[PDB]
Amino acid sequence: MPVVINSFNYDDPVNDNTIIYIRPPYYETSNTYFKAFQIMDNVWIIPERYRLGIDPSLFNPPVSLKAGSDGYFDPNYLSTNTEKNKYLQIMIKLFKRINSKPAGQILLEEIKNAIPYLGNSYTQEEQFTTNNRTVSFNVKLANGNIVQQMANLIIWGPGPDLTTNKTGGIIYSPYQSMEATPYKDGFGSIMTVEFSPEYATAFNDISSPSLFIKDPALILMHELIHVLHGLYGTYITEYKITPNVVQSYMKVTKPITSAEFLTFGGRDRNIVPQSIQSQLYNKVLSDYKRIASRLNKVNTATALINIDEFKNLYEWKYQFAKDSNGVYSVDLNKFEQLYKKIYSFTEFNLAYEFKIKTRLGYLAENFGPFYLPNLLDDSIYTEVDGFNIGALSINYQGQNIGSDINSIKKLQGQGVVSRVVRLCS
């Protein structure tokens, strides 16, 4: 029942199975293929910088330009095969870490099993539609022939800013510039993540005050939570809010989508007003009702697939009732349990389950940033324990990197090296 994490080296030959060249979403017209690695079922990693739709000059901002930024920039990151391989091995280690405890095993099982519905707002209701970029992509086999493949998630390396992680869904555009967003409308879609495990920020908490570096596996799990919402089609960008009561730990800047607070979880859930929590709930319910209605009409497909097997799959995914005549509908109690299951995956709960220390809430201040040079070194960071090996688990000493930023900078200047973090320029 727990998923299998596959291993590979960057230079391993294509094998038409776990290592293939693929045409990722939005590369349809340019027809560009990338070497990709199937880390687990339905999840592909492309260990290169994300560059699509991005002005290339942003990868190497000038010195005057750089200082203002919280972030960090280096155009040469992931420019060599050696480093792409290093990136891959780290990603393998973080997936093994997530898969080392039941709470993370369940999350990966969801990422694998919550496949997008074969259709959206602008496709035929009677048809399981497989042939557009929200549900499948072209792959180039070893013999050079092109075939189509379905998947749930594609992970890239970072864009210009090495400290920025982000998740997004895919748009279907049939003609006349129309745009369907099935990842926001209950159907779900293939999701995209830009992830950068070796560049991290730290947070502050009072025991005494001290800085703690973030565990990359928890950072990854945070992105996988956004992914999960996209796959279940509950993903949002709007519903933006600021807190009613500003606590001292908070750094409030602009209104922020309610999704960030639901994603952090714990006490941040209450920052989202009841009125919005009910809106979101009722929107998802209306969308699942629509999907049930449409599922009753499906009698053909755009591919050679087993229609009845996919119908069983969507019955389980959306927890639909199936009556004595084979008609699907939404059962309100099963829906309530499903909505709860989807929003049970949170940074707060996962940090607790993994015995990882994390920030006080989404609006907590980020410090740094830091480069983490030795995630692959088991004397520093393990699959089973992260940084908190042995007695370093006590008060999360394994994540403790110093009192504050200035104190850290002096030490690095004096030549005191840490093998855990390096403060970035």
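For every residue, the number given is its place in the sequence shown, counted from 1.
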- With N312 and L313 adjacent in the shown sequence, let me know how many deposited residues between them lack coordinates: none, 1 to 3, 4 to 9, or 10 or more. none
- Higher average CA B factor in the deposited record is what I'm after, so tell me if that's 286 to 294 or 80 to 88. 286 to 294
- Query: Which has the higher mean CA temperature factor in the PDB entry, 159 to 167 or 228 to 236?
  - Reply: 159 to 167
- Message: In terms of recorded Cα temperature factor, pick the maximum from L332, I111, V135, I146.
- Response: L332
- Reading the B-factor column of the entry, which of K96, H222, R267, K214 has the highest value at its C-alpha atom? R267
- So, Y50's CA B-factor, relative to its chain, sits in which third? The middle
- Query: Among the chain's modelled residues, which third holds the C-alpha B-factor of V246?
  - Reply: highest
- Task: Sorting the chain's modelled residues by C-alpha B-factor, tell me whether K66 ends up in the lowest, middle or highest third.
- Result: highest
- Comparing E179 with the other modelled residues of its chain, is its CA B-factor in the lowest, middle or highest third? lowest
- Chain-wide C-alpha B factor ranking for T192, given as lowest, middle or highest third: lowest
